[PDB]
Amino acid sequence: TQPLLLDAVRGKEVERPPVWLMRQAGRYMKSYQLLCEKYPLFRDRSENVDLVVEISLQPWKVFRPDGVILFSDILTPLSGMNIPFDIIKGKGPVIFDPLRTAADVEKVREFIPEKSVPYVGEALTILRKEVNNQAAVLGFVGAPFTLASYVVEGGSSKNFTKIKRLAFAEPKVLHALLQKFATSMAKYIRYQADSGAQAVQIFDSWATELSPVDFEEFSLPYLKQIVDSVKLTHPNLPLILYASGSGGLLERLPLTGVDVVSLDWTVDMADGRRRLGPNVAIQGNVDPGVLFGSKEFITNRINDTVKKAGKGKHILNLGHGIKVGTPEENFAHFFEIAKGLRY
């Protein structure tokens, strides 16, 4: 027997919608906050196996969700790919030498997960045993565009004028870098699946900063490459695309070939279910800010969301991560209502 999440996604008939909440912050339960106080900061957040397995497992223990995702910073592969970086306190990520020329791109090294992040594959095999097919273990990787965005911008960006200048002035250079991330992230997906991941979620929220026609050129093609390539070696591994602010890109997301599209809360469930087509599955739509409302309110929203999503092909979740100051009770309530739903 397979976990609910996997059947729902595969389109198999289910009696209820699998459910789990995102941004399963170790900084929500104050469990990553106590483990974070004991000194490496780069090594503390997304690196070690025992702290990865713990942060990852944090939500599983309290609510036993239908899905548990790997807690690993999507940038982790940078180091092994020859792109030196670190998480500076207050600035977040910072790549020391932002790519800018074809010459810089050529320097980029193809990722080798087993060698560069063996702990990832280990945490996954552990997580797999912990859950004991009572939930689905989800991998997590960064997408080519969002990745290139970080290494070209040098770090977190709010304007992306550097990646866009590269995209809109020297496309060949960016295309070469996007290619490198595609080939490397595909490999990474196979590694995680091979290590216990039963579905892998791909992060490319930054690509929604692009106009659809631009998205069609600097993101879509490379997301599609990963899917096509992975589907070839791991035919049954479900891939989940997550990209907040995709309200204007809905119609093109399915063209990537991903099995499931994670919709943010700005797109109505009914609208999204329609605009995405009927084949793809959808991951939870609820606005994280809804968890700040009355219990009745949260219930109405979960109900509306599941009603509009349909009886199947739906993994209930939020449109984004749990906001920092969310009352734990309203959180428990969400799972209570959610788990008692029957199609």
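Don't overthink the numbering: it's just position in the shown sequence, from 1.
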Average Cα temperature factor in the PDB entry - higher stretch of 191-199, 103-111: 103-111
Between 273-281 and 24-32 (mean CA B-factor, as deposited), the higher: 24-32
Out of 261, 147, 220, 135, residue topping the C-alpha B-factor column of the entry: 135
Top Cα B factor in the deposited entry, candidates 310, 288, 40, 293: 40
Among modelled residues of the same chain, the CA temperature factor third for residue 71: highest
Chain-relative CA temperature factor third for residue 184: middle
Position of residue 92 among the chain's modelled residues by C-alpha B-factor, lowest, middle or highest third: highest
Third of the chain, ranked by Cα B-factor, where residue 300 sits: middle
Third assignment of residue 206 from its chain's C-alpha B-factors: middle
